[PDB]
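Chains as they are written, first to last, in the working numbering: chain A, 1 to 100; chain B, 101 to 512; chain C, 513 to 562. Positions of the beta carbon are idealized from the N, C-alpha and C atoms, including for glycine. These notes are about the structure you will find just below.
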Amino acid sequence: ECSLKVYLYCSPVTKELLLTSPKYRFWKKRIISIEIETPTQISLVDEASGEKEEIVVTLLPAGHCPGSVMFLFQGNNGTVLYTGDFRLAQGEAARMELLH
Amino acid sequence: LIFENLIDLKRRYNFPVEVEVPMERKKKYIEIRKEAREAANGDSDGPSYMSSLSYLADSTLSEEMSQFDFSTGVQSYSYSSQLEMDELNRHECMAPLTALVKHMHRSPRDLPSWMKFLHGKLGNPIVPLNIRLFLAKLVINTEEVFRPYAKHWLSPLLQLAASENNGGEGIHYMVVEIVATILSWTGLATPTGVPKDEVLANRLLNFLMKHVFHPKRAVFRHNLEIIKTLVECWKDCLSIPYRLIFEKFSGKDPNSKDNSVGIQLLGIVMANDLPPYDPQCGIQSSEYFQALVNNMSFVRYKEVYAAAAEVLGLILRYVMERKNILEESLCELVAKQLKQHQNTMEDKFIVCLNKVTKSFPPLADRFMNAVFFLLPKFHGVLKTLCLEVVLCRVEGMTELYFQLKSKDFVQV
Amino acid sequence: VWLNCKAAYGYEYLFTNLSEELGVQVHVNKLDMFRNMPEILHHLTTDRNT
Ligand SMILES: [Mg+2]
Numbered sequence: 001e002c003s004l005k006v007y008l009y010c011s012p013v014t015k016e017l018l019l020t021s022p023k024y025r026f027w028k029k030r031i032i033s034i035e036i037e038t039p040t041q042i043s044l045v046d047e048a049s050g051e052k053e054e055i056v057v058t059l060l061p062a063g064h065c066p067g068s069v070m071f072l073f074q075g076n077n078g079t080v081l082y083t084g085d086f087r088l089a090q091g092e093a094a095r096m097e098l099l100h
Numbered sequence: 101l102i103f104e105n106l107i108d109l110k111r112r113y114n115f116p117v118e119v120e121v122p123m124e125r126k127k128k129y130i131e132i133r134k135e136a137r138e139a140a141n142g143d144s145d146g147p148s149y150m151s152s153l154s155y156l157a158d159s160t161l162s163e164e165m166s167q168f169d170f171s172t173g174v175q176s177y178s179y180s181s182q183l184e185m186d187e188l189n190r191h192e193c194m195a196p197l198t199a200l201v202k203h204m205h206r207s208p209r210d211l212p213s214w215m216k217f218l219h220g221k222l223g224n225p226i227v228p229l230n231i232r233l234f235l236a237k238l239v240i241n242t243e244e245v246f247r248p249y250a251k252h253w254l255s256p257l258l259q260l261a262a263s264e265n266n267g268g269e270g271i272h273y274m275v276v277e278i279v280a281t282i283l284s285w286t287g288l289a290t291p292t293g294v295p296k297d298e299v300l301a302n303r304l305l306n307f308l309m310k311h312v313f314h315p316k317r318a319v320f321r322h323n324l325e326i327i328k329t330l331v332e333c334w335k336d337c338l339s340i341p342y343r344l345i346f347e348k349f350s351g352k353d354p355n356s357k358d359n360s361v362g363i364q365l366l367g368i369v370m371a372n373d374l375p376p377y378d379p380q381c382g383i384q385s386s387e388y389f390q391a392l393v394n395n396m397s398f399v400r401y402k403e404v405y406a407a408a409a410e411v412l413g414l415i416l417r418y419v420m421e422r423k424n425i426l427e428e429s430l431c432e433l434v435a436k437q438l439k440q441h442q443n444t445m446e447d448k449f450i451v452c453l454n455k456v457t458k459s460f461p462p463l464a465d466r467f468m469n470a471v472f473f474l475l476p477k478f479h480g481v482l483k484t485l486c487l488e489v490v491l492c493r494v495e496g497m498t499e500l501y502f503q504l505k506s507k508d509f510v511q512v
Numbered sequence: 513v514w515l516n517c518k519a520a521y522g523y524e525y526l527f528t529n530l531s532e533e534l535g536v537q538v539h540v541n542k543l544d545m546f547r548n549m550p551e552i553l554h555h556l557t558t559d560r561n562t
């Protein structure tokens, strides 16, 4: 309630599952859902100072639960990957288009 | 009468929409296009469809993993939609009739007496639906013995498919089967001579594009495939229903994917070197192309704005060679829609520009400075798209090496 | 048949496939969370007579 440029990015299914709970309905105006396999640019603008920083994030399916996705960041410090609670069978890592 | 006795005439023959498409169901249309493209045209240069129309035999990894995380679970569309299939093949006299026909065949050619009887019973729209369906299944199972006479059997199957009162609702397996049979028959006979066949084919195409959508991705791709091969075979006989497509890609809803169907239909139309618009419809050129270009403002789903940008670029490339007088207005609208989000989001702008300049290079000459400004600020695939936009216009640039040196091209 | 599922989400695959292969609808406490997901909502029910 004291900021305007900070948001919560997640899958659309995750947004639907999160806004249903009454305890988390205060995030209704601060959640930005992102489609999977769609490279989008995120602005890491500072609140106090007018400094800004752009980063590219890509959401990859995880196959864990409704709304579970991965996070593939690409910026100045190289490419990092966050596979939070994923599930992949053997021989499926070679089938992800966005990781190639 | 002899046929109405051995048929029920009262059983509601359930025809469900085929969901689990087999592997041969794709290669049959593949070979149909292979025959209708070279055996009857002799060109061997298949139409280059857009990225959204690129097809694979199996499904992508996201489709397979969607069974667990439901990535496509959120309802985005708004269209209203709904072996126990071959019950006609499980008829008492079905196999005996097929054996009889196969035996008697081998036991400008005109139809014999039995073929005349079959044609009189099938082509007549007053004959009950069950008898016509049985005759259609018999012709399907014995298409090899009907090919030398397929010039006569083209109209009955056409008017059976184009009929509003068919077996089931939607595009069921009987429709796709008879369509595949007719398109395999297109190598020798085409609905081009008799205007009745032309209007039958037009109504069939309208019916296909009317019920092309289906929430299941596989059957939706199959319907797009059958429409694609149908418009590829009968390219010189069909009038495209531009009014239906306009209503398809004009939804004006930022959080929906309804326009994707219309954009893909327009791309299928444009890939066969067809006009993107005909003034015969009630929609003028202004609002038509306006609603078409407005899809680039829907920056939520890529299948909407990226596909719209690509199909718009194809339309620009088409109207470029034909020297039409709407090229200036279309280019102005596209440049306006691009500059609208050039500075707001600047990440969908580069994607839309790369999709447009993929087929219409001369549009990047006004955004070259913008993409050179945005190049140092991009990462990942966005920088690659910007470099591709720079690549599409290299010979036209006066002096390029200084800009690349100033933009640290070597470390890139 | 009871299904002692500890996690809140992750077992919807089992529920949907059992419903599609048996025609019966699984009973859950809350299902309003899947109101915008038709492929999952039409497999769950609040009635206890299943
Ligand atoms: Mg987990």
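Under DSSP, A/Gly78 forms a beta bridge with A/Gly75.
By the 16-neighbour rule on beta-carbons within 10 angstroms, B/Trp253 is buried.
Within 7 Å of the CB of C/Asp544, the CB atoms of chain A belong to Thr20, in sequence order along the chain. Shown here, A/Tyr9 sits in a strand according to DSSP, grouped into three states.
Looking at the DSSP output, A/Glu54 shares a beta bridge with A/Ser43. When Cβ-Cβ separations below 7 Å define contact, A/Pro66 makes contact with chain C. B/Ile132 and B/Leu258 have their C-alpha atoms some 17 Å from each other. Assigned with DSSP and collapsed to three states, A/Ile32 falls in strand. Where B/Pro196 is concerned, the enclosing alpha helix (DSSP H) starts and stops at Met194 to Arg206. Shortest Cα-Cα distance from B/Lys477 to any of B/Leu304, B/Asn443, B/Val456 and B/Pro462 involves B/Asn443. Looking at B/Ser263, B/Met396, B/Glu325 and B/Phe115, the one whose alpha-carbon comes closest to that of B/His272 is B/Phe115.
Per the coordinates, the alpha-carbon of B/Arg125 lies some 12 Å from the alpha-carbon of B/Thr281.
The shortest C-alpha to C-alpha distance from B/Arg303 to any of B/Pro212, B/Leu344 and B/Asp358 is the one to B/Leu344.
Counting C-beta atoms within 10 angstroms of its own C-beta, B/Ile340 has 16 or more neighbours from the protein chains shown and is therefore classed as buried. The stretch 451-462 of chain B makes contact with the stretch 405-412 of chain B; the number of CB pairs closer than 8 Å reaches 3 or more. Residue environment for B/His322: buried (at least 16 other C-beta atoms within 10 angstroms of its C-beta).
Counting C-beta pairs with one atom in each stretch, the stretch 175-194 of chain B and the stretch 345-358 of chain B have three or more that are closer than 8 Å, which means they touch. Of all alpha-carbon atoms in B/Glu138, B/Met445 and B/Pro256, the one lying nearest the alpha-carbon of B/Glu332 is that of B/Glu138.
In the structure shown, C/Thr528 adopts helical secondary structure according to DSSP, grouped into three states. Taking 6 Å as the cut-off, the C-beta of B/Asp158 does not count as close to any heavy atom of ligand 1. Separation of the CB atoms of B/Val174 and A/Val13 is rounded to 6 Å, and the pair is thereby assigned contact status at 8 Å.
Ranked by Cα distance from A/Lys28, the first of A/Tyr7, A/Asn76 and A/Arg95 is A/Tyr7. Bridge pairing for A/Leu60: A/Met70 [DSSP]. With a cut-off of 6 Å, the C-beta of B/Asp186 is classified as distant from ligand 1, since no heavy atom of the ligand falls inside that distance. Contacts with chain A at 7 Å (Cβ-Cβ) do not include B/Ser152. Taking a 10 Å sphere around the C-beta of B/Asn359, we find 16 or more other C-beta atoms and assign the residue as buried. Under the 7 Å criterion on CB atoms, B/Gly270 is classed as non-interfacial with respect to chain C. Where B/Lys335 is concerned, there is no enclosing alpha helix (DSSP H), because DSSP gives it neither an H nor an E.
With a threshold of 16 other beta carbon atoms within 10 Å, B/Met497 falls short and is exposed. Around the beta carbon of A/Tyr24, fewer than 16 other beta carbons lie within 10 angstroms, which makes this residue exposed. Assignment of B/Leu257 by DSSP, reduced to helix, strand and coil, places it in the helix class. The Cβ neighbour count for B/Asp336, taken over all protein chains shown within 10 Å, is under 16; the residue is labelled exposed. Taken in chain order, the members of the stretch 156-187 of chain B whose beta-carbon sits within less than 8 Å of a beta-carbon on chain C are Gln167, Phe168, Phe170, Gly173, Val174 and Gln175. At least one heavy atom of ligand 1 sits closer than 6 Å to the Cβ of A/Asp85. A distance below 8 Å between beta-carbons, with the five flanking residues on each side excluded, links B/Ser148 to the following residues of its chain, in chain order: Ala371. B/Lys483: member of the alpha helix (DSSP H) spanning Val481 to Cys492, first to last residue.
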